[PDB]
Amino acid sequence: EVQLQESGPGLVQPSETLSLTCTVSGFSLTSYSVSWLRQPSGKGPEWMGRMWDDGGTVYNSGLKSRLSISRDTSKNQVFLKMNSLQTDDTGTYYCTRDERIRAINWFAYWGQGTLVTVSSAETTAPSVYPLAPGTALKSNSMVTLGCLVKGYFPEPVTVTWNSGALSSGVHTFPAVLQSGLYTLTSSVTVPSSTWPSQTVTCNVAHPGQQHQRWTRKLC
Amino acid sequence: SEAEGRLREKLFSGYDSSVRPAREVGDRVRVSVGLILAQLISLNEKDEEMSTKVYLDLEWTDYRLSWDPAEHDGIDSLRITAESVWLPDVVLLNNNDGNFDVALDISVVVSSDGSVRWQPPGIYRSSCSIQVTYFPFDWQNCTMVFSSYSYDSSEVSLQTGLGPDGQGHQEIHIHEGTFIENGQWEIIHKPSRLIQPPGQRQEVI
Amino acid sequence: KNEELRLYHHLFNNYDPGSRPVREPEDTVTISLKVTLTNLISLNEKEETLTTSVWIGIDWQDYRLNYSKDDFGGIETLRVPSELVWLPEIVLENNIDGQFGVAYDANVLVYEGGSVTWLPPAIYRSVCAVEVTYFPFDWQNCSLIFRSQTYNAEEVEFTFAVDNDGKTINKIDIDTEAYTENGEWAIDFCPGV
Amino acid sequence: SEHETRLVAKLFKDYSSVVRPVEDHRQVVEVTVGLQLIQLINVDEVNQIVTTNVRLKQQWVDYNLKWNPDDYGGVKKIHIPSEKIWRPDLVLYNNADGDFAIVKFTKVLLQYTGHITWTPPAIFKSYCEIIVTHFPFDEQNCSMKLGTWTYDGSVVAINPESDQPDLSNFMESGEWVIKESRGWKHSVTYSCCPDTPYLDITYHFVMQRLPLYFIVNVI
Amino acid sequence: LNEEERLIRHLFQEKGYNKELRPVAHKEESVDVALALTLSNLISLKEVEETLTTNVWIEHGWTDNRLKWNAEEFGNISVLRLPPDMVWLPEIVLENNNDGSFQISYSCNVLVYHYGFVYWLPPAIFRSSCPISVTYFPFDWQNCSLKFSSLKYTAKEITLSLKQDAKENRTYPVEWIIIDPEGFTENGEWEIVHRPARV
Amino acid sequence: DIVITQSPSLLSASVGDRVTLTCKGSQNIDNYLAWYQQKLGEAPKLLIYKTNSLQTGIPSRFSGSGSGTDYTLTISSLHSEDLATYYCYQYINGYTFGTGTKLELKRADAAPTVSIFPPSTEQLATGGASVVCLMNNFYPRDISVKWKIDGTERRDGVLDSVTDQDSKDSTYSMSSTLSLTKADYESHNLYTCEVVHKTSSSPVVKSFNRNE
């Protein structure tokens, strides 16, 4: 019944203004307050502000100057606008319906949250280097080989092995940001005799600029 | 008590206590004023003021408060808080301390025919011209003048309260079995008189 | 239609006299105080009560009541019942009969520019210790202590009224058109602090 | 500019001043009572009545009047009329010809923690047994028995703020000197109510007469 | 959730309690009101004004079946304290007062018990009229009285009665003024020889 | 505002076990504590408010307790649905959230599959010389990685990440990289990755010399 849906841009340039729209269903904004929370990457969530049922607003003292909250009761929408964006604003933003007991309020329902990343880096194609062991230290039927994807921006990037032939034996470690660009690794388990003979190839796709690459095993 | 609540709600639906119960625009309201003296509290010659505790006996007809008891479970009379019905603004004109009104707005009794009876208690301090001559064998003739403060003689007609048998017993009522006898003053005569206007007002003295 | 009704509705349709006229909770409301003594009613040494009649001129800025005469047909003053506006709740702290407040709830005057003025008349009976040592040639240092009954110094702040010449009236004001001399007690000084 | 109005509206939307301000009805309301004596107005020996100007500070936590300051821009205290909230019905048992309870309903100070401080002024005309033996050099011991009239000790507990009355603002009287002051809490059982002892705080003052005037004019 | 708030909502909002109607099933029935007087202090007897000033606690008690509740359904609440303005009152005043102060001085909370009994013990300072027999002064004794009656109601509407008290499971009427040794202060001039009560 | 801490930061328990997460504040929270369950990619769901009031529709296996500055959330019997992150938060004075307790299903200990890869020829052509070390399918997540070049330890340019528990075997996977320039890479020949894990008293080591 009660549902809230955040929407907004996934990537925003620094010093630009972020705008988020929380669409509401199952209740009327005239009778339930809607708060805005954010969870910075690597930190716990923090309260940003509230749009009251009576139409007023309240903001976090640390963000009072940077924040504005408004609502449209005809469309059942709550709008958040934030200026002077910085890298530290990267995180997941939630809109919550607030329950009350007298004057005490707590977050009763959450939205699914929108990821907002603040970075100036332009979209960049990935480099796909193969990974091969530097010494034949093993010859078992299960040896791990992989591919390194570097330099792409923004997320996400997808990696498969021989397209549909990747099988379940595939690992895709989370990407890490260095120097303002992403780096990711992927690995697959294959027989020691198969990868030097079969054209085991990692296929990498980056929807940021519809980029596609395929890198085979080299040693 | 469902029938009493229903009848009360019927009577006061659309009622306005600020409007006098004149049916036609020229109709006057006749108010019978009787007085029961409960205690002659004191007489002060220095202030020329007589303090008395009285029960008024104001009786009038309010056509808006009439009902047929047979339709309302035989309720032939009702006790209603005085603030909710129209009251004649009968006040003591010759008071000496500015207290015109009664001491306590007790409930009025409304008969099914629309007759409203009200017996509020009052503490009154009237001005009384003291006969200084024959002290201490002197006798004093104090007066209490009751009249509607606002309504003219063409709107509220005052009348002296009749006796229980309908006799023109134009006297201050004193229940000798319960009257608090004053220790210094003896009441000899206690008549009442309706005084006609010389926009003028009638008075009951 | 009367322009005063438009002005009243514009000012008071969304006005709360409970909250102070401050945009932030940490702001102080500056009050201009001007006690005008009409007469010294009496000094009862036996009861140690000084009875005086005063007019309590209280001026302050209430941004919620701000208006310009150009928008309302040239109205420069609006009379409003005092129960409708926020008041600093100034009371005589050193009274003795328990009447802290003023005797008459006179209308406040809302001038253009947001200035609110209140000039109620009040009869005050206050504690004045009597030094009978040099009677009958004695002089008495009676005192009147005015303070907000509700708000502390960080919520409501007092300042003295400023005369037309710019001098602060750091004393009890006396108006020649209103002051009536007492026949028993003359008044020598009346400084305010 | 409107958060205090919003807070006052939220607190009292469905507040009841009849029920006690506790989370559970089996709990006891803890009221802290401090008598501040501003002036000893009169000591009428012939009528045996002592008239005193007092401020009756009462402090208690109202469970339902809490709020979170961050919801209202950091507002940590508000002033509200005392007629709107539940109050302890402190009655002066030994009233002679004054009022039994407080009649000057000043505003109470409410804090975000729910702590209410109420400091109503009163002119107590209490009864005192005037001892005439050592007159005019007599010392009088006059007391003020203040206690909740209808709430018993198992329902509303009153505790003294300090072992002694607050004389910090006491205007020195010209006829009587307060040689001693002390407040004692008592629980007593009345014949009306045999199963519930009722609590009271008896403040007492040992006041010594200044005899100089009577020495000159009488002795 | 506080059980007192739920109980009060049930009694007054759900039941539609009307404080203006007497607690009777039929209009012809009278409400039995029991009165007692606890004298806390005889403030003074002024012979010059012929006025007795007394500090009293007036024990009103009557049954109001509209205010019954099951304690076990409301968290074992056996007693509830309400403003006297909320409930119907018998409107009993001092008839023989000397100054127009007919009603009680302090409108304390009414105590309502789960079995429907409504109990009220307001304190009052009364200045009643007491004529003074100066014959044997200063060795005189004074027969003062306080007369309590309803003015809004009559014997057809309300039946006054004395408070009944029980000892050894036997009830008897309290035909005297109650003196509580914890609350009673000995007056310095007047010793109470008798203190009867009569309906 | 009242600072809040949670314990344990990471907790492992098997299906059906009773678990008691603890939440401790720096000041008296006065029972104004709430617990909510957040899952990866899902909207957070409130479990408990006022420290014991169960949210409507929440399974009765969730219960809350606590007072003063210490509070606990108890799951009487851990179900597979209940593997998630649990946050306590306080709403009596400001709004503060705990760091969060991540709850994982208990798994048998397994040694990591460790492998090492030098920078490929293509990377060296572009000037990149990042070495990579992988540790697939290990449990628990407690693991440490060290890079040694010519025997001397290296820390500059090292970055690493760990995957979540696999949906089939609950084992973790970790990758680590050592970014180097072509000049810095060619300045050394021996490279080794040392993996420390609880399943062995000595680290597992992998190494290579020069290009493959």
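Each chain gets a letter, A, B, C, D, E and F, in the order it is written, and its residues are counted from 1.
Note that in this section contacts are C-beta pairs under 8 Å (C-beta built on N, C-alpha and C of every residue); 3 or more make two chains touch, one makes a residue touch a chain.
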{"item": "Furthest chain, CA centroid comparison against chain C", "value": "F"}
{"item": "Inter-centroid spacing, chain D versus chain B (mean Cα positions, whole Å)", "value": "44"}
{"item": "Between chain C and chain E, centroid-to-centroid distance (C-alpha), Å", "value": "46"}
{"item": "Rounded Å distance, chain B centre to chain F centre (Cα mean)", "value": "91"}
{"item": "Centre distance in Å when chain C and chain D are each reduced to the mean of their C-alpha atoms", "value": "30"}
{"item": "Sites on chain C at which at least two other chains make contact", "value": "none"}
{"item": "Touching pairs - complete list by chain label", "value": "A-D, A-F, B-E, C-D, D-E, D-F"}
{"item": "Complex contacts: residues of chain D adjacent to chain C", "value": "1-2, 4-5, 8, 39, 41, 53, 73-76, 79-80, 104, 106-107, 121, 123, 171, 174"}
{"item": "Of chain E, residues touching chain B in the complex", "value": "18, 20-22, 24-27, 50, 93, 96, 98-100, 102-103, 129, 131-132, 151-153, 157"}
{"item": "Interfacial residue positions of chain E with respect to chain D in the complex", "value": "2-5, 8, 38, 40-41, 43-44, 53, 55, 57, 59, 75, 77, 81-83, 86, 105-106, 108-109, 111, 121, 123, 125, 178, 180, 182-183, 185, 188"}
{"item": "Chain D residues within the chain E interface of the complex", "value": "16, 18-20, 22-26, 47-48, 89, 91, 93-97, 99-101, 127, 129, 149-151, 188-192"}
{"item": "Contacting residues of chain B [partner chain E, same complex]", "value": "1, 3-5, 8, 39, 41, 53, 73, 75, 79, 81, 103-104, 106-107, 121, 123, 180-181, 183"}
